[PDB]
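Written out below as structure tokens is the structure these notes cover.
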Amino acid sequence: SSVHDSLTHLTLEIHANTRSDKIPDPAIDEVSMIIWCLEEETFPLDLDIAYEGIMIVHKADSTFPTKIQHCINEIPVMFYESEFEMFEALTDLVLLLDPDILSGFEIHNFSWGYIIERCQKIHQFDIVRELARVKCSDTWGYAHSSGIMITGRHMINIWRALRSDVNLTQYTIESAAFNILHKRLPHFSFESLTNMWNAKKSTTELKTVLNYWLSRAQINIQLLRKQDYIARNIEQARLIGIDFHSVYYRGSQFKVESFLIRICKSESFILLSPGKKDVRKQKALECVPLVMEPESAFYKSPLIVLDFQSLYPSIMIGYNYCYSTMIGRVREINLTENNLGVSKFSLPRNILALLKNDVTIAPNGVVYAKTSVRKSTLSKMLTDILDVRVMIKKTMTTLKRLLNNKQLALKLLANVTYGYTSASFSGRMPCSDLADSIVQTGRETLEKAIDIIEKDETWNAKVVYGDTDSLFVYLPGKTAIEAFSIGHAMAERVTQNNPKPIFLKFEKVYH
Amino acid sequence: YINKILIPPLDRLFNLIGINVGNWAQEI
Amino acid sequence: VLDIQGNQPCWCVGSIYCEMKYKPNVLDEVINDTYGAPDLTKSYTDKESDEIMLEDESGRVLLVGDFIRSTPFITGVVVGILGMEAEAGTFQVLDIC
Amino acid sequence: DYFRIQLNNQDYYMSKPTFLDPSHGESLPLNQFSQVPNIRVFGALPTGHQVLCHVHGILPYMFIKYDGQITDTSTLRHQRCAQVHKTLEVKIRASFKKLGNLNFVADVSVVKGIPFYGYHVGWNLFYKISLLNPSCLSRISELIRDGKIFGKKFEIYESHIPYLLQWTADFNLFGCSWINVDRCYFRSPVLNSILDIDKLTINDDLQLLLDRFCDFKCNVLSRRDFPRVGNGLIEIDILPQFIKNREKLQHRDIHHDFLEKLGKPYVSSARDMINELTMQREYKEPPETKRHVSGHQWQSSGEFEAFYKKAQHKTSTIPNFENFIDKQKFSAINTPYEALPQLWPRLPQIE
DNA sequence: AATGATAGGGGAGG
DNA sequence: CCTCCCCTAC
Ligand SMILES: Nc1ccn([C@H]2C[C@H](O)[C@@H](COP(=O)(O)OP(=O)(O)OP(=O)(O)O)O2)c(=O)n1
Ligand SMILES: [Ca+2]
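Protein chains in written order, with the numbering used here: chain A, 11 to 521; chain B, 80 to 107; chain C, 792 to 888; chain D, 6 to 356.
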């Protein structure tokens, strides 16, 4: 077909016989079944592999493989005398397909982790060094990600990905399948599975366990596909520019650093790298967001909800707030030594007099250069990402999915951008003054909006609740049909009293 | 279960109106 | 069942395996009175069939032919199939006991 | 017409300097390098064939403040770079437990730049300390910042950015994107015969690509010097000159003076996205006429204005836009994006 | 080994 | 009143 612009995906599952409800331990209980599923939609080269397979240990009596073959009759099954040969065959299969991602459900104490532990502890075989694409500890890795590190290939823990994606009580294969794929799967205890697997007769039981594990393996691909996790992560990586591993393993500051270094490298900018001690000894944050306690009561009349769109990004775009735009705190401006966050510097001789007009003092008290002398870099980044997001949203099946993935990635990047500042702890390039300015001017904008809304006599409305950018205005007995017009009018009035990127949206009402 | 799972949240929601849910539960 | 392999007639005794899916009306009736019954039609559509096997505690073989078609069968019923293997693990049917 | 490899995964390792790697530097050319870093790229061809790529000549670097004066005659800069290189090498060798076979620092060079943490308008001189082992770069930065190396503490620039991120950003690379390269070097037999993959994976398109890019006469490296290390299909070795993803970057130097005050997206990924959307299909968005305040007056604006007037009266000694910054040509000093082409070894041929 | 800020509320236990 | 823990809003 067309060119290959996706990542190959392979999933694996393990069945191990337990011993009277002991949750099979990877040191006493051996592997028996390595049912694996390979994603077909994104796999090129059209090779005869059938995209599916089952591996079963059989010492070899003379009827078990034949019975299994007839009861399956669809997927080829390979039988091995020992689990070491079965592991070697699995390694050969991985080296043949050479998948980009090896995944599974709860891969720490199960299939991938179980195989790794069995190979390392019992057989003294380093399966990790053999499954890599190169011939020749991670507490954070196991905390909220996959702790397995195989060279070349990415390990994806499906349950963690779904936990980060969808919020629901409990996280099991059955619950996820029912709440995502609308499939109900019977669940059998380990003792029962061992009993069916140890029954020489009753082909029905063998077919039952085989279909059990086959469905468990197959449903993983559908779960990752319906949420479109792989494609969304690939699109986000292409947008930000970080590798596929850093999309989910690294933190939010990594993406912001990537954008910043990519933008600044074209403008001959040199980024400062403060130490941990410098960040620890910097001035603490003083400005806090404005939240008002609502009047706890039941509101019969319609309640219009107003919410600013990207309040902080719009603030930084409009007010030109950046690292390269701070001149200094308006109080205590010395020509010898100053203080701005984690750095000290000295102003030139006649800098203030030269730019006495093209500056804008922040609410916190920090002088910022106007756009007429220097356009800030963060404003450039935020306006570019916002323009791209609104363009793709305005344009908006495959193209629709790609546009949705791009929209989500752009929203995530824009939201994480502000978090780069105000990083008092575990911050690699923080700036207390910039974050304080942003929060304070957000508070001022909120107060101005509230005053404008309350001032109008024709709108006998009063603000009852307030958040970082949320306004709850109450219209006592105001026939909600016309409440939409009033809400649109106040949104337009508030918008027309702010710089260009600042915008207010009505978007809903509570009768 | 009744008291310590339903009385607190229903009381938080309905004390704004001005009614005590616990009185309703007392009669049963 | 695994001993019937060759170009010679042979007979064996085993139970009959069939599909026997439920009728949709029964499924609707049991779903409407369970309060949480899943989409049981998915259990029949996922598999997506028309064949008869012979299970005798050692495996199954497909009962192809015409004598086996013109007889209603229910799963779990044992019979005395007497036929000949022709070209695969499929067993022909000539007489039934 | 370009060899295209997707950025699926990346890693780095230390190897001995071959004829495809830099062996010396400009500060201390006499002393060679004990080891050099190499970046491994795990990618797949557009036809679907996995390719392993080794990247040579890419070195991590960090910037520290230049101590000398801007009135150098292009000769004292080299001497100062040599002295600081020797001091760094000695101090790291002593702390980490005749000076030859450099193991930590490759070379030190002087590059211009504009600081980012604050408002700066003029060119500032910086050192470019290129290291050999990127893993210990954080340790070197900590030692320099803590005053263990020199007699005074020095601020560190561009040390929180990892080596892989620097390499990707310098050459205009994005994750899961094509690495458009025109020339490559092949290794031990291209169609690997691990078990049988030299027959199943091969197709017409793969053979056409090999015929277009592989010559088997002056392209395949020697078997003895460069054995395969990848358990996959065809493996290539690349040089920094070969990567043509760069040269599409728009370099601007408008921040060295008040160019803006006198008479297209800034992210190339966004440019690619909008190009794709235009190819898929005009686009417009009518704005709203906003009449803001005269100066957006706030509660504590008067005190701020008074303090600004006091500060302006304090630091003053009539400045003009065209005559504020001093007009030091700084033509000899290399631009940061004009400095990474340095240290690229050669265009060798050892066939 | 890696981690972006701040603000509110409830519940158990001592 | 105190700390500890859960976890949702922005
Ligand atoms: N995880 C978060 C969520 C929000 N905010 C801050 C940034 C916003 O400027 C402000 C408002 O948050 P919103 O939830 O309203 O999101 P936005 O206003 O930024 O965009 P949108 O309105 O489209 O949701 O709160 C933050 O710092 N971190
Ligand atoms: Ca909002």
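Note that CB positions come from ideal geometry on N, CA and C, so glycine has one too.
Cβ of residue i within 8 Å of any chain D Cβ
i                      : result
residue 334 of chain A : yes
residue 271 of chain A : yes
residue 497 of chain A : no
residue 151 of chain A : no
residue 146 of chain A : yes
residue 247 of chain A : yes
Residue i - partner residues in DSSP beta bridges
i                      : result
residue 120 of chain D : A:280
residue 469 of chain A : None, per the DSSP bridge assignment.
residue 114 of chain D : D:133
residue 38 of chain D  : D:107
residue 59 of chain D  : D:45, D:242
residue 16 of chain D  : D:45
residue 801 of chain C : C:874
residue 300 of chain D : DSSP output for residue 300 of chain D lists no bridge partner at all.
residue 336 of chain A : A:378
Element boundaries [alpha helix (DSSP H), containing residue i]
i                      : result
residue 90 of chain D  : 81–100
residue 170 of chain A : 168–175
residue 33 of chain B  : Since the first residue of chain B shown is 80 and the last is 107, residue 33 of chain B is not available in this structure.
residue 795 of chain C : Element bounds for residue 795 of chain C: n/a, residue is neither H nor E.
residue 287 of chain A : 286–290
residue 90 of chain A  : No alpha helix (DSSP H) holds residue 90 of chain A; the beta strand (DSSP E) holding it covers 87–90.
C-beta neighbour in chain A for residue i, strict 8 Å
i                      : result
residue 829 of chain C : yes
residue 58 of chain D  : no
residue 805 of chain C : no
residue 812 of chain C : no
residue 876 of chain C : no
residue 880 of chain C : yes
residue 793 of chain C : yes
residue 189 of chain D : no
residue 172 of chain D : no
Contact with chain C by residue i, beta-carbon distance below 8 Å
i                      : result
residue 77 of chain A  : yes
residue 488 of chain A : no
residue 235 of chain A : no
residue 194 of chain A : yes
residue 73 of chain A  : yes
Whole-Å CB distance - residue i paired with residue j, under 8 Å assumed
i                      : j                      : result
residue 424 of chain A : residue 321 of chain D : Not really, about 41 Å apart at Cβ, beyond 8 Å.
residue 27 of chain A  : residue 207 of chain A : 6 Å
residue 108 of chain A : residue 180 of chain D : Between residue 180 of chain D and residue 108 of chain A the Cβ distance is about 19 Å, and since that is not below 8 Å, they are no contact.
residue 347 of chain A : residue 334 of chain A : Not quite, the Cβ-Cβ distance comes to about 20 Å (not below 8 Å), so this is no contact.
residue 21 of chain A  : residue 846 of chain C : Contact flag wrong, Cβ pair sits at about 32 Å.
Residue range of the unbroken beta strand (DSSP E) whose run includes residue i
i                      : result
residue 881 of chain C : 881–883
residue 379 of chain A : 376–379
residue 165 of chain D : Note, residue 165 of chain D: premise wrong, no beta strand (DSSP E); not H, not E.
residue 349 of chain D : Unbroken run through residue 349 of chain D: none, as it is neither H nor E.
residue 340 of chain A : No beta strand (DSSP E) contains residue 340 of chain A, which DSSP labels as neither H nor E.
residue 54 of chain D  : Segment: none, residue 54 of chain D is in no beta strand (DSSP E) and carries neither H nor E.
Stretch-stretch touch, CB-based, cutoff 8 Å, three pairs: the region 304–323 of chain A with the region 257–264 of chain A: no
Would you be able to state if there are at least three C-beta pairs under 8 Å between the region 194–206 of chain D and the region 233–243 of chain D? yes
Are the region 141–158 of chain A and the region 196–215 of chain A touching, with three or more C-beta to C-beta distances below 8 Å? no
For the structure I just gave you, are there three or more beta carbon pairs, one from the region 394–405 of chain A and one from the region 276–291 of chain D, closer than 8 Å? yes
Measuring CB atoms only, is the region 799–807 of chain C touching the region 867–882 of chain C, in the sense that at least three cross pairs come out at less than 8 Å? yes
Would you call the region 153–171 of chain D in contact with the region 61–77 of chain A, where contact means no fewer than 3 C-beta pairs closer than 8 Å? no
Answer yes if the region 467–475 of chain A comes into contact with the region 375–386 of chain A, meaning at least three C-beta pairs across the two stretches below 8 Å, and no otherwise. no
Should the region 124–144 of chain D be called in touch with the region 289–308 of chain A, which here means at least 3 C-beta pairs below 8 Å? no
Contact between the region 158–175 of chain A and the region 230–240 of chain A (3+ Cβ pairs under 8 Å): yes
For the region 212–230 of chain D and the region 248–268 of chain D, state whether three or more C-beta atom pairs, one from each stretch, are separated by less than 8 Å. no
Are there three or more Cβ pairs, one per stretch, closer than 8 Å when the region 95–111 of chain A is compared with the region 200–212 of chain D? yes
State whether the region 82–93 of chain D contacts the region 14–29 of chain D, with contact taken as three or more CB pairs (one from each stretch) at a distance under 8 Å. no
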